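Visitor: Input structure: protein-v3.cif, which contains mmCIF, C-alpha atoms.
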```cif
data_input
#
loop_
_atom_site.label_atom_id
_atom_site.label_comp_id
_atom_site.auth_asym_id
_atom_site.auth_seq_id
_atom_site.Cartn_x
_atom_site.Cartn_y
_atom_site.Cartn_z
CA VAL Q 3 85.61 175.30 124.51
CA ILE Q 4 88.75 177.07 123.31
CA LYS Q 5 91.29 174.25 122.95
CA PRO Q 6 95.06 174.57 123.63
CA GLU Q 7 95.51 174.37 119.85
CA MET Q 8 93.02 175.91 117.38
CA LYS Q 9 92.92 175.88 113.58
CA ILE Q 10 92.05 178.89 111.42
CA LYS Q 11 90.15 179.45 108.18
CA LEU Q 12 89.46 182.90 106.72
CA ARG Q 13 88.33 184.80 103.65
CA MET Q 14 89.07 188.47 102.99
CA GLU Q 15 87.43 190.48 100.24
CA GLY Q 16 87.93 194.18 99.59
CA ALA Q 17 89.38 197.06 97.60
CA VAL Q 18 92.27 199.52 98.01
CA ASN Q 19 92.43 202.69 95.89
CA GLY Q 20 90.07 201.04 93.41
CA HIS Q 21 91.89 197.70 93.13
CA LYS Q 22 89.62 194.78 94.10
CA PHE Q 23 90.96 191.58 95.65
CA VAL Q 24 90.18 188.34 97.47
CA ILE Q 25 92.43 186.44 99.87
CA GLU Q 26 91.87 183.12 101.62
CA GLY Q 27 93.90 181.70 104.47
CA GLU Q 28 94.44 178.70 106.68
CA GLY Q 29 96.57 178.24 109.78
CA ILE Q 30 96.87 177.25 113.42
CA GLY Q 31 97.83 178.67 116.81
CA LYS Q 32 97.87 178.40 120.60
CA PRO Q 33 95.23 180.75 122.07
CA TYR Q 34 96.55 180.53 125.65
CA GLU Q 35 100.13 181.21 124.57
CA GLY Q 36 98.98 184.03 122.28
CA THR Q 37 100.71 182.72 119.14
CA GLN Q 38 99.50 181.77 115.67
CA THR Q 39 100.68 181.17 112.10
CA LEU Q 40 98.67 181.77 108.92
CA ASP Q 41 99.26 180.82 105.29
CA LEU Q 42 97.52 183.33 103.03
CA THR Q 43 96.74 183.01 99.33
CA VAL Q 44 95.56 185.73 96.93
CA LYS Q 45 92.60 184.32 94.95
CA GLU Q 46 91.58 187.45 93.05
CA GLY Q 47 93.24 190.73 92.12
CA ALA Q 48 96.77 189.34 91.87
CA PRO Q 49 99.32 190.85 91.73
CA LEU Q 50 98.48 193.30 94.51
CA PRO Q 51 99.67 196.83 93.63
CA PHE Q 52 99.85 197.96 97.28
CA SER Q 53 101.89 197.13 100.38
CA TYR Q 54 100.80 193.78 101.80
CA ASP Q 55 101.55 195.14 105.29
CA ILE Q 56 98.37 197.25 105.48
CA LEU Q 57 96.41 193.99 105.39
CA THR Q 58 98.15 191.84 107.97
CA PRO Q 59 96.59 193.18 111.18
CA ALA Q 60 93.19 192.30 109.63
CA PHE Q 61 94.29 188.67 109.25
CA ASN Q 65 91.69 187.53 116.26
CA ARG Q 66 92.41 188.52 119.86
CA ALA Q 67 91.40 185.01 120.98
CA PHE Q 68 95.08 184.38 120.27
CA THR Q 69 96.30 186.46 123.22
CA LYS Q 70 98.04 185.30 126.39
CA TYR Q 71 95.79 186.60 129.20
CA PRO Q 72 96.81 186.36 132.85
CA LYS Q 73 94.32 185.01 135.41
CA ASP Q 74 93.66 188.39 137.04
CA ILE Q 75 92.44 190.00 133.78
CA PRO Q 76 89.07 188.92 132.33
CA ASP Q 77 89.61 187.49 128.83
CA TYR Q 78 86.90 189.29 126.87
CA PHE Q 79 87.69 187.33 123.69
CA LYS Q 80 87.86 183.71 124.84
CA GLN Q 81 84.69 184.28 126.91
CA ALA Q 82 82.82 185.23 123.74
CA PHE Q 83 82.86 181.65 122.40
CA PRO Q 84 81.39 179.32 121.19
CA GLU Q 85 79.04 182.11 120.04
CA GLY Q 86 81.99 184.22 118.91
CA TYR Q 87 82.42 187.93 118.29
CA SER Q 88 83.11 190.59 115.67
CA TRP Q 89 85.27 193.69 115.42
CA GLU Q 90 85.22 197.00 113.54
CA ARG Q 91 88.46 198.87 112.83
CA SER Q 92 89.53 202.18 111.36
CA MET Q 93 93.13 202.71 110.31
CA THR Q 94 94.12 206.35 109.69
CA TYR Q 95 97.52 206.97 108.07
CA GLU Q 96 99.48 210.20 108.57
CA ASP Q 97 99.36 211.15 104.86
CA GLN Q 98 95.53 210.92 105.00
CA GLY Q 99 95.34 207.39 103.61
CA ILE Q 100 92.42 205.66 105.37
CA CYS Q 101 91.38 202.01 105.75
CA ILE Q 102 88.37 200.45 107.50
CA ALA Q 103 87.76 196.75 108.20
CA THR Q 104 85.29 194.34 109.78
CA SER Q 105 85.59 190.70 110.77
CA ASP Q 106 82.94 188.23 111.89
CA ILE Q 107 84.52 185.42 113.92
CA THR Q 108 82.70 182.16 114.62
CA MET Q 109 83.76 178.70 115.76
CA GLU Q 110 83.19 175.05 114.91
CA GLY Q 111 84.97 172.22 116.70
CA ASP Q 112 88.65 173.16 116.88
CA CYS Q 113 88.66 175.79 114.12
CA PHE Q 114 88.06 179.55 114.01
CA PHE Q 115 86.32 181.00 110.95
CA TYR Q 116 86.78 184.62 109.83
CA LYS Q 117 84.72 186.54 107.29
CA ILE Q 118 86.68 189.75 106.64
CA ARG Q 119 85.87 192.94 104.70
CA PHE Q 120 88.72 195.39 104.00
CA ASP Q 121 88.63 198.78 102.27
CA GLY Q 122 91.16 201.55 101.80
CA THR Q 123 91.29 204.80 99.88
CA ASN Q 124 92.99 208.17 99.35
CA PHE Q 125 96.52 206.74 99.42
CA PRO Q 126 98.93 209.05 97.55
CA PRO Q 127 99.89 207.32 94.28
CA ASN Q 128 103.59 207.91 95.03
CA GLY Q 129 103.27 207.19 98.76
CA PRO Q 130 104.91 204.29 100.65
CA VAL Q 131 101.77 202.12 100.36
CA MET Q 132 101.10 202.31 96.60
CA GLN Q 133 104.84 202.23 95.88
CA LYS Q 134 105.39 199.26 98.24
CA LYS Q 135 108.09 200.92 100.37
CA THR Q 136 107.13 199.34 103.72
CA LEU Q 137 109.39 196.75 105.37
CA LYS Q 138 107.26 195.77 108.38
CA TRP Q 139 105.14 196.91 111.30
CA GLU Q 140 106.96 197.89 114.46
CA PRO Q 141 105.91 195.87 117.50
CA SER Q 142 103.15 197.72 119.36
CA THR Q 143 101.15 198.13 122.56
CA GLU Q 144 97.37 198.33 122.18
CA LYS Q 145 95.42 200.00 124.97
CA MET Q 146 92.19 198.19 125.84
CA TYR Q 147 89.32 200.03 127.56
CA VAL Q 148 85.55 199.63 127.92
CA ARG Q 149 83.00 201.98 126.33
CA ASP Q 150 79.30 201.58 125.47
CA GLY Q 151 79.44 198.19 127.21
CA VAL Q 152 81.93 196.79 124.70
CA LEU Q 153 85.73 196.63 124.50
CA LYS Q 154 87.67 199.31 122.64
CA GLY Q 155 91.26 199.07 121.41
CA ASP Q 156 93.58 201.94 120.45
CA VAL Q 157 97.16 201.54 119.24
CA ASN Q 158 99.76 203.82 117.69
CA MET Q 159 101.12 201.78 114.79
CA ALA Q 160 104.17 202.46 112.64
CA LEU Q 161 105.53 200.99 109.43
CA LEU Q 162 109.30 200.90 109.07
CA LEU Q 163 110.18 202.29 105.64
CA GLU Q 164 112.58 201.30 102.86
CA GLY Q 165 115.34 203.90 102.84
CA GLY Q 166 114.77 204.69 106.51
CA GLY Q 167 112.13 206.41 108.64
CA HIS Q 168 108.67 205.46 109.86
CA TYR Q 169 105.14 205.76 108.51
CA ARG Q 170 102.50 206.25 111.22
CA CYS Q 171 98.91 204.98 111.48
CA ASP Q 172 96.36 205.20 114.31
CA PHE Q 173 94.17 202.11 114.82
CA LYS Q 174 90.78 202.35 116.55
CA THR Q 175 88.99 199.05 117.11
CA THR Q 176 85.68 198.10 118.69
CA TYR Q 177 85.30 194.47 119.77
CA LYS Q 178 81.71 193.17 120.12
CA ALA Q 179 81.01 189.86 121.87
CA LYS Q 180 77.83 188.13 120.67
CA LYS Q 181 76.82 187.35 124.25
CA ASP Q 182 77.44 189.07 127.59
CA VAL Q 183 80.76 188.40 129.31
CA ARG Q 184 82.80 189.66 132.26
CA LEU Q 185 84.14 193.06 131.22
CA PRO Q 186 87.83 193.69 132.05
CA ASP Q 187 89.37 196.84 133.50
CA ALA Q 188 91.57 198.98 131.24
CA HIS Q 189 94.78 197.19 130.25
CA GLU Q 190 97.32 196.75 127.47
CA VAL Q 191 98.10 194.20 124.78
CA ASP Q 192 101.63 193.93 123.42
CA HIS Q 193 101.84 192.90 119.76
CA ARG Q 194 104.46 191.72 117.31
CA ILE Q 195 103.24 190.78 113.85
CA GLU Q 196 105.62 189.82 111.05
CA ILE Q 197 105.71 188.14 107.65
CA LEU Q 198 107.86 185.03 108.04
CA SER Q 199 108.01 184.35 104.31
CA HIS Q 200 106.39 185.11 100.96
CA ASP Q 201 106.74 184.70 97.19
CA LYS Q 202 107.83 187.64 95.05
CA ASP Q 203 104.34 189.05 94.37
CA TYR Q 204 103.02 188.25 97.89
CA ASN Q 205 100.49 185.91 96.27
CA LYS Q 206 101.40 183.49 99.05
CA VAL Q 207 102.38 184.74 102.50
CA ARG Q 208 103.19 183.12 105.85
CA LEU Q 209 102.12 185.42 108.71
CA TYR Q 210 102.82 185.27 112.44
CA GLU Q 211 101.63 187.19 115.51
CA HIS Q 212 102.57 187.06 119.18
CA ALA Q 213 100.27 188.83 121.66
CA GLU Q 214 100.08 189.06 125.46
CA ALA Q 215 97.80 191.09 127.72
CA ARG Q 216 99.01 192.94 130.83
CA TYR Q 217 98.66 195.97 133.09
CA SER Q 218 101.21 198.79 133.15
CA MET Q 219 104.59 197.53 134.34
CA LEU Q 220 105.22 200.71 136.34
CA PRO Q 221 104.09 200.84 139.99
CA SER Q 222 101.60 203.40 141.35
CA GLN Q 223 102.11 205.89 144.18
#
```
Let's see the structure in the file written out as structure tokens.

Guide:
Amino acid sequence: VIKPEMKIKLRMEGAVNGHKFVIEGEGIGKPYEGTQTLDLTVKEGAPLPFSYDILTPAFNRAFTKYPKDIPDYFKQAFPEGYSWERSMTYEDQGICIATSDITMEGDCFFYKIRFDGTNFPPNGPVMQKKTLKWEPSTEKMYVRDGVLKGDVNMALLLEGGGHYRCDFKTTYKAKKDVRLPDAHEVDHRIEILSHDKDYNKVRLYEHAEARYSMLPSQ
């Protein structure tokens, strides 16, 4: 069902500190290698007055390299698909929440995404666009309420030095029952490969692989 190469189409709509926007995207990736590339285009609300980086993790764990001995919760969820719900709490009390509904048709994934953020300090790194990128991360996956949870300590590298921290909490909901995995980790590295000056057009890339702890047990 999930082919070695899968196309992507998405639409995001939302608001951040009052500013409304719409973004559409198209791309392609290799779900079994855990890699993907997206070309994103702002359709409404341009030019964005906030850091584009807060958006990028919202732009599909189907694109994750899973080893054989770990049930792949995400690929199992198709063709029916799945959704996720995510809260993103920044250390200066900025807060974002997002939802995505992910379906499938042929060799293409379709995302419908809602994104909302508020309470960002007007002179903070987000509203002043002082973020350079996300650090690579490790997301801890664990089961609760019969669905898969994901928690990851995220950090934005800042212009002029230092980091800006955010805690992600995600709930992944498959639309049909699947084999539930044991607790494990997912390494991430997301990064903007290119963009125009106002980030109206952005090329976005993620690499993800699932694994257990690399340390042995006594």

Visitor: Considering only C-alpha atoms, return as a ChimeraX atom specification whatever protein or nucleic-acid residues lie within 9 Å of region 10-12 of chain Q, sequence-local ones (same chain, fewer than 3 positions apart) excluded.

Guide: /Q:25-31,39-40,42,61,112-118

Visitor: Translate the PyMOL selection byres ((chain Q and resi 16) around 10) into a concrete residue list for this structure, as a list in words.

Guide: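 Answer for the PyMOL selection byres ((chain Q and resi 16) around 10): residues 14, 15, 17, 18, 20, 21, 22, 23, 24, 25, 47, 103, 118, 119, 120, 121 and 122 of chain Q.
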
Visitor: Identify which of the residues Q:219, Q:160, Q:198, Q:146 lies closest to residue 176 (chain Q), counting all atoms listed in the file when measuring atom-to-atom distances.

Guide: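 Among the listed residues, Q:146 lies closest to residue 176 (chain Q).
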
Visitor: Go through Q:126, Q:99, Q:59, Q:221 one by one, measure the shortest atom-to-atom distance of each to residue 157 (chain Q) using only C-alpha atoms, and give the residue with the smallest value.

Guide: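 Of Q:126, Q:99, Q:59, Q:221, the one nearest residue 157 (chain Q), counting only C-alpha atoms, is Q:59.
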
Visitor: Name every residue that the PyMOL selection byres ((chain Q and resi 70) around 12) selects in this structure, writing the answer as a ChimeraX atom specification with chains first and numbers rising.

Guide: /Q:6,31-38,66-69,71-80,190-193,211-216

Visitor: To one decimal place, how far is CA of residue 89 (chain Q) from CA of residue 139 (chain Q) in Å?

Guide: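 Pair CA of residue 89 (chain Q) / CA of residue 139 (chain Q) returns 20.5 Å.
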
Visitor: Would you mind reading off the distance between CA of residue 83 (chain Q) and CA of residue 182 (chain Q), one decimal, in Å?

Guide: 10.6 Å

Visitor: May I ask for the distance between CA of residue 179 (chain Q) and CA of residue 91 (chain Q), given in Å to one decimal place?

Guide: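 Computing it gives 14.8 Å between the two atoms.
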
Visitor: Is it possible to get the axis-aligned box enclosing region 123-134 of chain Q (all listed atoms, 6 Å extra per side) as lines of an AutoDock Vina configuration file, with centre and edge lengths in Å rounded to one decimal?

Guide:
```
center_x = 98.3
center_y = 204.2
center_z = 97.5
size_x = 26.1
size_y = 21.8
size_z = 18.4
```

Visitor: Tell me, as a list in words, which residues lie within 8 Å of residue 197 (chain Q), counting only C-alpha atoms; anything in the same chain fewer than 2 positions away does not count.

Guide: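 Those residues are residues 138, 195, 199, 200, 207, 208, 209 and 210 of chain Q.
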
Visitor: Using all atoms listed in the file for the distances, tell me which of Q:96, Q:144, Q:46, Q:85 is nearest to residue 171 (chain Q).

Guide: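 Among the listed residues, the smallest separation from residue 171 (chain Q) belongs to Q:96.
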
Visitor: Please determine, counting all atoms listed in the file, which residue among Q:201, Q:152, Q:166, Q:97 has the shortest atom-to-atom distance to residue 188 (chain Q).

Guide: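 With all atoms listed in the file as the atom set, the closest residue is Q:152.
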
Visitor: Would you kindly return, as a ChimeraX atom specification, each protein, DNA or RNA residue with an atom no farther than 7 Å from any atom of residue 86 (chain Q), considering only C-alpha atoms and excluding same-chain residues fewer than 5 positions away?

Guide: /Q:107-109,179-180

Visitor: Which is closer to residue 150 (chain Q) than all the others in Q:178, Q:93, Q:106, Q:165, using only C-alpha atoms?

Guide: Q:178

Visitor: From the options Q:123, Q:158, Q:218, Q:19, which residue's atoms come nearest to residue 101 (chain Q), counting all atoms listed in the file?

Guide: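 Distance minimum relative to residue 101 (chain Q) lands on Q:123.
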
Visitor: Skipping near chain neighbours, those fewer than 3 positions away, what residues fall within 8 Å of residue 163 (chain Q) using all atoms listed in the file, listed as a PyMOL selection string?

Guide: chain Q and resi 130+135-138+166-169
